[PDB]
Amino acid sequence: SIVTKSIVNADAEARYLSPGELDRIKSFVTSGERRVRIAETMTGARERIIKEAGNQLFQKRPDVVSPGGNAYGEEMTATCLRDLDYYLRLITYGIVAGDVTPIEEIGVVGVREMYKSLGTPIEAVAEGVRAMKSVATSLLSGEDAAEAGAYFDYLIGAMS
Amino acid sequence: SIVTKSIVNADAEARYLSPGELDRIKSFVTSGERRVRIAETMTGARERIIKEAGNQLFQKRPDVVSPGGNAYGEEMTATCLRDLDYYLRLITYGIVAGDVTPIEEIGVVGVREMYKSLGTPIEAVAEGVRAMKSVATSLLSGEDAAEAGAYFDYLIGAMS
Amino acid sequence: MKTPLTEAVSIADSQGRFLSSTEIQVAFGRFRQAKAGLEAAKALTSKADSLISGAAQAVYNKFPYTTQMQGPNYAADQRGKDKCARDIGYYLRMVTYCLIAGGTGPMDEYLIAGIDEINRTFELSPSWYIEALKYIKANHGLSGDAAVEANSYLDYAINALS
Amino acid sequence: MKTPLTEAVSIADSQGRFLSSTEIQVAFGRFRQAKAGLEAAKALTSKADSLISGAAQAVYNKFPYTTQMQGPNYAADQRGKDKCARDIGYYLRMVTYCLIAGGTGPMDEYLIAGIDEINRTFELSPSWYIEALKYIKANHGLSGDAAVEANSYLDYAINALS
Amino acid sequence: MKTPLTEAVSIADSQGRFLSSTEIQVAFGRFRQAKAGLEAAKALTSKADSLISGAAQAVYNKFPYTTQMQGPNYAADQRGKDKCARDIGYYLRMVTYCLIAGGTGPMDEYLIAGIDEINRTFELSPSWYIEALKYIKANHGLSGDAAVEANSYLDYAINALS
Amino acid sequence: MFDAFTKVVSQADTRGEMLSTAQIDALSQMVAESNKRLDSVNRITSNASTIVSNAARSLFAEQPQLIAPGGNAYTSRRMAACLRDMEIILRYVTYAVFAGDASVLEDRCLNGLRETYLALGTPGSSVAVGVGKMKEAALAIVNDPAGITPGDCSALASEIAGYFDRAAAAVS
Amino acid sequence: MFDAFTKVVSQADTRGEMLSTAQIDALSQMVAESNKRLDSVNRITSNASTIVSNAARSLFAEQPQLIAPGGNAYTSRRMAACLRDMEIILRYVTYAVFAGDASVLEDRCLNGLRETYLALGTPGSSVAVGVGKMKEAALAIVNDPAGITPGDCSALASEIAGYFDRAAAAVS
Amino acid sequence: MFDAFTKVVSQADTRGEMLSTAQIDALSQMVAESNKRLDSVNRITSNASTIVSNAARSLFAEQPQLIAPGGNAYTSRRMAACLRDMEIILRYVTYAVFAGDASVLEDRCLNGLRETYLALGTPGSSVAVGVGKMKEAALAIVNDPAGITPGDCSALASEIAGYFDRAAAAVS
Amino acid sequence: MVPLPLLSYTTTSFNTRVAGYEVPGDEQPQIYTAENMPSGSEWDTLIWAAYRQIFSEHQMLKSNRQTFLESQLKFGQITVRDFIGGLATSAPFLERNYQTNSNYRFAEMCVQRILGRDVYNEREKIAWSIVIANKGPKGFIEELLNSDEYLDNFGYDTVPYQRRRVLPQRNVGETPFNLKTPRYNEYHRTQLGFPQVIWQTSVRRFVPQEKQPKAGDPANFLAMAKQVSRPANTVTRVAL
């Protein structure tokens, strides 16, 4: 969360919480009611966004659908669609968390090793989540979509 | 098994193994080729056993179909056969071990509370394994129904 | 469910008014009816099984072809006789229900409302049920005004059949 | 009177529009139908009397009780046989009328619309007429597409009966 | 979507009955129509671009004022000609769609239903489209019964226009 | 829409058997006390306008916020609708104690009127208190003797107070 | 409410171009086999009352709880409504295989009747099994060539079983 | 369905007192400027067909995807329905600025048409931009002087732009 | 007694309130009118359509048939409107549809069947429910058949139908009212007590997390075969 980093960076110098750090915690909890209402609406529209963003990958990068590519056939593209269900579920974890360290524990911190080991193109994974933001911005009002859209764009440069 | 009941009865006197008792391990191994042929034949029609024997249970016990009893709809009767699939898994676990101690440590040792606290009576599950008993003899031969039927009535004795 | 108190409430509700002396006249009349009708329904409950078997035997007697020809609509096999005498007992139970309820409502809601299309789809002649109801109304063995209104309900079932 | 040209005019009238190519497609199809159907109706007109007697004899054969029991609904006496074979000829004449008209309209207006309540009031089993229509559709002796649509009309009468 | 099979299903559904021989007459007629109409639609697909340009040039020829006066409704500039020939190709594509569908349904749902208010709001004379459809029905170059029913669809569009 | 007799008939049909004897003795006692039940009903019915006027006045003496401007029953039209709602509730109570079953009272009022009073902004508390006061006055009007032969009025006080409490709780 | 031809027309209009040639060869083969589609449709239609009576006959032999008192199809009125529901489903199957598209079957039954059977308390499982048995009997009645020229009904057994499985799954 | 005067009357009745003096001076100034409100309303009304045609003219120049095949306003019938929807919105704007209250515009369009455009698949963004452009052109047509005595129309440009922005935001 | 006016309610956006610039097609409801002097068979189709509209298909039983109302209609003694009023006030309709519903749901059902449209909002159901309570179900049906909305759309001689169910560009319209509003809701279903979700269709532990349906996004697979040419040949590209 946001207090998870703010404890630890205040911990390792044996300091208490300095009031430059508390005011972003006090700003976080008044913004907590907004980010819950963000994090329902992505999960309320969860079924309609997983086949929409996956269809948006398949026109811009159809090479992975093609035989010889990794996501070939209906069965391998079925597990190359959940694979995307986690990365929507992880982003709506971090939206209600305030910070991005739930995604840094589950999503990214070994993903350059395993997608090298699985043979899937990691750049096309970031093309899907870049498509997944642009459909997720359509459902939400823009002043809340600017909040959630930074959590998407964290992950875009994280994969590539 | 015989062997893990052989050794745990030899630690209770802290001696070696009795040589007449070593023949019941040697009789356990040489009579093992026909025992695992029973177990795959129950496994090969485990849905054909269950979808038949479930139907003759409900004509015998109409309380669990007419509303007012314990398990109903699709939402609990599928869980009711989820119990009977576990017990059928225990018998084919018990046949390859030769004894009932895989059924003892897994599936009968706490049965008189986990249905007693869960609202359902005991004796209809004891009528369910009897429903499973009649269709287990009919798939097998004469002597194979005698050995495999010797594990079904152990389930009746611990429950009811 | 055409029972007298229910239809009195329906009249007073559709008129939009309170209850008047008319519904109380309906009520002392209904209690007068029920004061014998409940005991007559108990007596029919007592004689029910023998009446059902006698009606089934009279139906097999007047229509002997139904016992002979092969056909799932006919009671040649045993399951036809089980289902057959089951619907005999159905008719008798609806007669007792209308005797308790005080109106033709229960038979009208449980039997009459679809019986024509059922006998059309299933190749059941309604004359079989007419013969059975005639045997029941001959052999129920009641007496007096209870017997007359029991015969009224059975004749109503007959007229609804054919 | 559900005949194709009549219902095409009804469609164009209820829509409030002129005739389109749809009704002309209906028309070249209807003329294609009538080009064999009129000769098939003439052939049924030729074989009609023997078909009526054969259907009546098959009905007496499958249901022998109707010749035996006394009853004005049954054809035990001679007037029952006259009236009976009269309604056999009625059914066959309606089949020929629907063959000429090109639709199920004439049987739907002359036979079907009240047949259920008539058989209910008169204690006539419709299975007798089903047996007779089955004998007619077995023994009409036509061939080809005319035979298939003749069997279509007779099967329609059977499904309307039971 | 007034196509013959769709409207046959609508008739049988609104009547509440099964399909009869009437709809099968409609069907053998519809297949008779489509057996030439599909090839005629392919031939119109082949000649489509030259027909569109010829219709646009004939429309500019008969109404020369539209090329001259400044106005966004008139095709004086180039964007008027692009949009103009686009709706020429729209009309021709709807003609081919009705040739495939076998009824006036596609033009009735895609063109006709709002064309009057659109030409009212946009200051488009429908006589321009009448001239273009007349040039198309003169110059489509088909022959026989396919040509007659193609002219039928185009004349239907003309009568729907004015 | 059920009687007492149709209730026993539906229960006996759901059982699938004939009516048992003890239910028939219960229905015989019901047929003996059904007139009982309904003389009681008739003296309840004859004073209905006095009952609703005394209930409303007692209520509007008790909660003057409803009469106050901006109150829910303040406007003359709304106040007439208020008295109409109360009279309707009393009428369906009299119907339910006529037929001897609460299913008519349930069917005609209860399932919808709670949501109606929520959607209207009607306070359910005041009309609940008004139905309670109307029921108390109704039993008080029914129970007194004035030229009528002595009878076992009691239980039927039980049933009438049951119907009124069911109405007041379904209103909420 | 779509044909085969109107389906190709709507797809070609959404594409915005003319109809491609391979779709026209497909529609030519459809026009060649559309009568073939039809022969099964007419022999399916002529035996419809026998189909629904045999389907209910096997279903109520199979699940006697529906005939049992308290069952959903127990009452004579409800049993007639049951046969009416089945006959309606068979009729819309015949309509969909007439027009050659499942959109009529979707439009007329599917989207509402699942919620209808939930709200009514109708068990969707029994009517699903009944539609499955009715469809099995319908293909079994259609596939037998009695007094019919020798042809190929392969793909149309495919299509009819598709329509019946769509109906049975939309019922659930 | 409220006026300005009925709005003050409903507020004064919810207060429960008479109308205060400052509200009466405000309503006197409203009665002085109500003609001012509406001569412009008349110059807004007289050019309505030009307004909706120029609005659709700029909108379909701006978003050619709607005119493109497969677009929401592509079909001739749908395009006529599009112009009808726009003309309806302009008419209810003129009604609301006639009565001087936004409650008529709310009542007649707003609460349902957002859900209607969601259910239809209509893009709310394009019609929102079209109502915004139509409102900009409407104030631009209203504000110019061509033979009319000069006056300060500052609060009525304020009110008309308020009504148009309320319509565009309720559409979304 | 001063007549209490109908309670005011707000209108919603519906397809029936706008002008339809539509060409007649297969989705248009068949209009059954008595104005065209119907043949003896057309009278039976009109009567059948009126029963289907007011009762639903499942309630077209021989026992529910109003033979006296049908003979009055066929003789021209009553209008099609009066026939619809007679059906909606009939004993079988009140027993099956009025007694099994609340006044709110009965009002919604009558608006859908008689006016051929949906209810605008919950407040319209409340506004009609008080008419049912004050005048009974008969006086409510008469007030609905006397509405300007009924007269303007159907007159005296037309059988009511579901108005504008399908839009001309959509293969899927609104749900038919007979499927949307069945005879009774969940509330009366719970009062009747019993349904026996008799039989299963088992399977042994097999799901947890899979979105199987690729369905629509695929597929292209046009494919291509690629040739070979020299690397040295400036194909690679040299800026400057």
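Should a chain be cited, it is by its letter among A, B, C, D, E, F, G, H and I, assigned in written order, with residues numbered from 1 in that chain.
The rule is simple: contacts are C-beta pairs under 8 Å (C-beta built on N, C-alpha and C of every residue); 3 or more make two chains touch, one makes a residue touch a chain.
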Third chains touching both chain I and chain C: D, F, G
Higher-contact pair (C-beta pairs counted), B-I versus G-I: G-I
Repeated interface matching E-H, over half of the contact pairs identical, chosen among C-G, D-G or E-G: C-G
Centre-most chain [mean C-alpha coordinates]: I
Gap in Å, rounded to a whole number, between the CA centres of chain I and chain H: 33
Length of the line joining the C-alpha centres of chain B and chain D, rounded to whole Å: 65
Mean-CA-position distance for chain I and chain A (Å): 44
Rounded Å distance between chain B and chain H, as computed from the means of their C-alpha atoms: 77
For chain G, residues that touch 2 or more chains besides their own: 1-2, 13, 42, 48-49, 65, 70, 77, 80-81, 108
Contacts with two or more other chains, residues of chain C listed in rising order: 1, 13, 110, 112-114, 116-117, 121
Complex interface listing, chain D residues touching chain I: 1-2, 10, 13-17, 105, 108-109, 113, 116-117
Touch list for chain G against partner chain D, complex: 42, 46-50, 147-148
Residues on chain H engaged by chain G in the complex (per definition of touch): 68-70
Sites on chain C touched by chain D in the complex: 64-65, 116, 120-121, 123, 125-127, 162
Footprint of chain C on chain G - complex, ascending: 49, 52-53, 56-57, 75-81, 83
